[PDB]
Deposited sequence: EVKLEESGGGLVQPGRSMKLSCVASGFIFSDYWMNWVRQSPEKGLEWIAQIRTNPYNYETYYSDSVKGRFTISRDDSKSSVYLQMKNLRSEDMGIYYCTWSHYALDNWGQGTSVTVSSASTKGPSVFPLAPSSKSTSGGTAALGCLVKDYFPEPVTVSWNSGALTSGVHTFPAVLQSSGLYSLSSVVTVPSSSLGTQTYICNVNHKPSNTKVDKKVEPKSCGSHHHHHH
């Protein structure tokens, strides 16, 4: 089985550096070209770097978006490929995947998340969403002005937790809602934000 495992992702400030690593098994590493591809909502999939093999003198190829700031390298003694990223910008945010090439980009790792922001870690402000439509009653919690992702919301059956939106401020916001048949209506939302060491239980009347 082909196995690709990326690591090294995380949170960094604009202008700073970060090195990603990939470790591969299941093909003769030294015989195949390796690539990094990233994914963001705004740009979709973007191939960013390739490194070839001994017969190509380990030549490197880059998208214009990263040439000269990013460096791809490989260690054939460790079946490892690296991406050294310099002068990171908010536009570099996304999921970074390691790939090998035989037919195309034949297998991809799970990916490593890179987040680029000058925002300080901040725990959410949690506000109740308090009151029927097609028999249903809805209540929820607004989880406002936190950084970074993620939050987890739990309730003490019709739960929707919306994708976070990044605000002008650089802080995220989302709502988590409970839909119950009105006749089946003390609701408490438990909001966990690991990065800020914050846990809020909020009563919704």
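Numbered from the first deposited residue, the unresolved ranges run 132 to 135, 161 to 165, 195 to 197, 218 to 229.
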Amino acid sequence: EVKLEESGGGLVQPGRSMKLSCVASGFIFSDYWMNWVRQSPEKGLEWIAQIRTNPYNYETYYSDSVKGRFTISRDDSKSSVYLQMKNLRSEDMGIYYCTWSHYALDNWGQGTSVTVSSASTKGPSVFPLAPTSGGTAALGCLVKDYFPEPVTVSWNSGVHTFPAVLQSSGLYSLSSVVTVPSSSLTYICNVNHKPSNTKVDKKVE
From here on, numbers count along this sequence of modelled residues.
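Relative to one another, 4 to 12 and 196 to 204 have unequal mean CA B-factors, and 196 to 204 is the one with the higher figure. Taking the PDB entry as given, 121 to 129 carries the higher mean Cα B factor of the two stretches 70 to 78 and 121 to 129. Residues shown: 183, 21, 17, 25. Highest C-alpha temperature factor in the entry: 183. Going by the entry's values, 167 shows the largest Cα B-factor out of 175, 30, 50, 167. Compared with the other modelled residues of the chain, the Cα B-factor recorded for residue 42 ranks in the highest third. The entry lists a Cα temperature factor for residue 65 that places it in the middle third of the chain's modelled residues. When the CA B factors of the chain's modelled residues are split into thirds, the value for residue 35 lands in the lowest one.
Among the modelled residues of the chain, residue 99 sits in the lowest third by CA temperature factor in this PDB entry. The deposited CA B-factor of residue 90 belongs to the highest third of values across its chain.
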